[PDB]
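Asker: Provided herewith is a single structure, encoded as structure tokens, for subsequent inquiry.
Neighbour counts are summed over all protein chains in view; Cβ atoms, including those assigned to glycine, are modelled from backbone coordinates with ideal geometry. Rule-based calculations on the coordinates, nothing more; no lab input.
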Amino acid sequence: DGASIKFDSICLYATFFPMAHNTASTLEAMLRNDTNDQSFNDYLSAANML
Amino acid sequence: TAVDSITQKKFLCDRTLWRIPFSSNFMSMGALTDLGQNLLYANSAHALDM
Amino acid sequence: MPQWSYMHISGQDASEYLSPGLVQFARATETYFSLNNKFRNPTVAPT
Amino acid sequence: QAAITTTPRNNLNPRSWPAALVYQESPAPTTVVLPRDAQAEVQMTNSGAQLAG
Amino acid sequence: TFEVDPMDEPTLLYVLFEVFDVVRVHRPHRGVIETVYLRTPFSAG
């Protein structure tokens, strides 16, 4: 039915947190640990089968 | 029928006001700000040209 | 800050500026005089 | 081999294990001071100069 | 007070001074540069 998608320009943006630059590296230096890390889960972390 | 016309884009706000907090971070500091909290900005103050 | 000594927004975080002997009636039979707005609480922000 | 490093248990097959002698790793607190100085930045930026370090 | 000859067009009066703006390129380290930026009379803070 005579239709297509065209691309011209794509950009990756980010809304950074503005703060004093001391704790900006201090808090992540605590986050750079073997036990102190990050992990995330979804509500549908469930597996699918058909 | 295919005419080579274009779309004009805008928005509709009408009831609320904008808020631009004085502090370095735009979060709700309240009456006690951050940028104007400093004593150098407070007593011997600048003006405001806009 | 000494200019807020009257205004009490800078003088004591939020409760103990008045007579602290009247806090009884607020936590125990408060429903009649639900009064935490007559003395409005100060604003606080780190710097 | 059942007594060499095993560490004999209270019940021959337990349920929930404690923390003693089951090698609980303690990596030492990695201590760094500061990348930039806070006390050196407040004095300048409020009175005059702007920086990027 | 500024008085000039009559102008034919809406022409800009480009008003300057001899105001100072000096920058020192600070460098305590091989790899990073501190930019000490200041317009001297017109406070940057």
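Asker: Taking C:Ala14, is it free of Cβ contacts under 8 Å to residues at least 60 places away in the same chain, surrounded by 13 or more Cβ atoms within 10 Å (Cβ to Cβ), not in a loop (DSSP other than H, G, I, E, B) and not aromatic (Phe, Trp, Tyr)?
Answerer: Spelling it out, it is not the case that C:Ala14 is free of Cβ contacts under 8 Å to residues at least 60 places away in the same chain, surrounded by 13 or more Cβ atoms within 10 Å (Cβ to Cβ), not in a loop (DSSP other than H, G, I, E, B) and not aromatic (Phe, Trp, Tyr).
Asker: What are the residue pairs meeting all of these: first residue in the stretch B:28-48, first residue within 9 Å of chain C (Cβ to nearest Cβ), second residue loosely packed, with under 10 Cβ neighbours inside 10 Å and part of a loop (DSSP other than H, G, I, E, B), Cβ atoms under 6 Å, and 6 or more apart or on different chains?
Answerer: Correct list of pairs: empty, since none qualify.
Asker: Only one residue in D:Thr45, D:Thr7, D:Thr31 is within 14 Å of chain E (Cβ to nearest Cβ) and hydroxyl-bearing (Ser, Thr, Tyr), so which one is that?
Answerer: Every option except D:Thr45 fails the conditions.
Asker: Being β-branched (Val, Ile, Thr) and away from chain C (no Cβ under 14 Å), is that true of even one residue in the stretch B:5-12?
Answerer: Yes: the stretch B:5-12 contains one or more residues that are β-branched (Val, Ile, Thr) and away from chain C (no Cβ under 14 Å).
Asker: Can you list residue pairs whose Cβ atoms sit under 9 Å apart, with the first residue in the stretch D:15-26 being among the acidic types (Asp, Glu) and the second being part of a loop (DSSP other than H, G, I, E, B) and loosely packed, with under 10 Cβ neighbours inside 10 Å? Count only pairs 6 or more apart in sequence or on different chains.
Answerer: D:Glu25/A:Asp34; D:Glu25/A:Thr35
Asker: Is it the case that some residue within the stretch B:4-15 is surrounded by 12 or more Cβ atoms within 10 Å (Cβ to Cβ) and not β-branched (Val, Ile, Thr)?
Answerer: Among the residues of the stretch B:4-15, not one is surrounded by 12 or more Cβ atoms within 10 Å (Cβ to Cβ) and not β-branched (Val, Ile, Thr), which makes the answer no.
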